[PDB]
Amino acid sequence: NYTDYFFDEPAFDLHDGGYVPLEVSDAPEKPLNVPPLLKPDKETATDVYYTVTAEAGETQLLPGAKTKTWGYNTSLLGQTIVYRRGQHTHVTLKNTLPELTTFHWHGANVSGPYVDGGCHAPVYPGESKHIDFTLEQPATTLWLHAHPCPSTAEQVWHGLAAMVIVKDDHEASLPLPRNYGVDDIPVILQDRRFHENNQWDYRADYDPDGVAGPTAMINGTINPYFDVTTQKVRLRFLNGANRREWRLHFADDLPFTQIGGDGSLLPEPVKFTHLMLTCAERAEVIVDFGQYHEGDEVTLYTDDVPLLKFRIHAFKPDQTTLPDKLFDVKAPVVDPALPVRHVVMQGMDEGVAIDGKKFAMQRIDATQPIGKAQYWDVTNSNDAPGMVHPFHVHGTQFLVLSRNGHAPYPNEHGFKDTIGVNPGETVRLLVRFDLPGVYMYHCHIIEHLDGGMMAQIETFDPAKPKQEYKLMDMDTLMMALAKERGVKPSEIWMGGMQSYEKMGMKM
């Protein structure tokens, strides 16, 4: 039973300069929103068709005025999208927002830079784009979010994020809760700051070192409760915050068992009383409420702040038990002739950088052949006290081999796409790209992302000549935004610009 957070306590966000503590809202407690499942336009055993529509609207979050929000196929966040390993997936990306966006499938092993939906995949106002892909990767929880470069931070803040569930045959065979919305629920962890008339104001809250508001928002709900009607419940934790770290535990120190990470089931279940998640990380846990009587309640906390109340209703006894082993991890081979790649994250605030530079949308920072796993050493250069930087790579699911030459954390033996790197620490990852393209790698503190803590790698088939890709440029991006907002390029405000400008550089 893991009873403490794994990360280095001195580097926790709560020691940040200008740390924003969470405060319990006075808003009335209400049922946790569970995003509906997006209904396919059509579906067979072999093909599924979806239309995913970015849209602007309004959402009742606090008593009083509705908060203006953005969402996918709804006003805030999104309907949950289900993908299936081996199923040919066809998606119409529709943008009905007043500004351009991008549709990034975080953790999905798809081609880049277009299907990947990163910096180079704009979808302009009024436009529809079509993509198709077949996922060949294990069952897991992924997510969809906006990824214009910039500002990913602003678009996520507005509400553009949705859970993506990947199903496969192996997971389906297992005794896990799986009744979506009944005993299997998203827990998208975010925070916001509400201004006058219950509005969000990213610009007013902007901080190049990471934006955090004092009001926790879970699945777009303030002060939620969940009605438990089964002994066991599956929680799909997703850290969807711009910066905040979640340090999760129950009252009574009720234990819970992690069965999944970002990219796969864990090889074996891992039991915990206290679990920490950095930005973009996912943890699927099973909670067993068998020791509670009907009518009782149990609250989930982050640090000393209540997040989510579980109300215990009558439930049937559950006699099932987790197998000793959930999933077999097959590590790809590493060609000994390959170098160990060294990636160095540095800086904070406006001076964030990777390998001595801020992102430049037309600069390739690295290449790697497809189909060849390589060791990546990833270092967080910050001296103590520092912050934990969650490092993320597009177009892959990696394995974690070591932290400072020692074992990874107990819940890091499955496939992952995002890893918290502590000040002074070097983590060794095993990284392979199955598909050619251009893929970002960056910190997932989203203000750091926007502020230039990002690079891109061109993965290539060595049997073919170098491919040419149409990369977005910053002049094109700013022209578009200018037209869209009815202003001149020079008066455009974007999250991340301040970091570039203050360091005298440009994207």
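Numbering starts at 1 and follows the sequence shown.
As recorded in the PDB entry, 483-491 is the stretch of 7-15 and 483-491 with the greater mean C-alpha temperature factor. As the entry records it, the average C-alpha temperature factor is higher for 380-388, out of 380-388 and 277-285.
Across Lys416, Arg85, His195, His104, the greatest Cα temperature factor reported in the deposited entry is at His195.
Residue-level inspection of the entry shows that, of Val421, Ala139, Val352, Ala251, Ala251 has the top Cα B-factor.
Looking at the C-alpha B-factors along this chain, the one for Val298 belongs to the highest third.
When the modelled residues of the chain are ordered by their C-alpha B factor, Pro122 lands in the middle third.
In the deposited entry, the Cα temperature factor of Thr321 sits in the top third of values across the chain's modelled residues.
Ranked against the other modelled residues of its chain, the C-alpha B-factor of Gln291 as given in the entry falls in the highest third.
Per-chain ranking of the deposited C-alpha B factor places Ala463 in the highest third.
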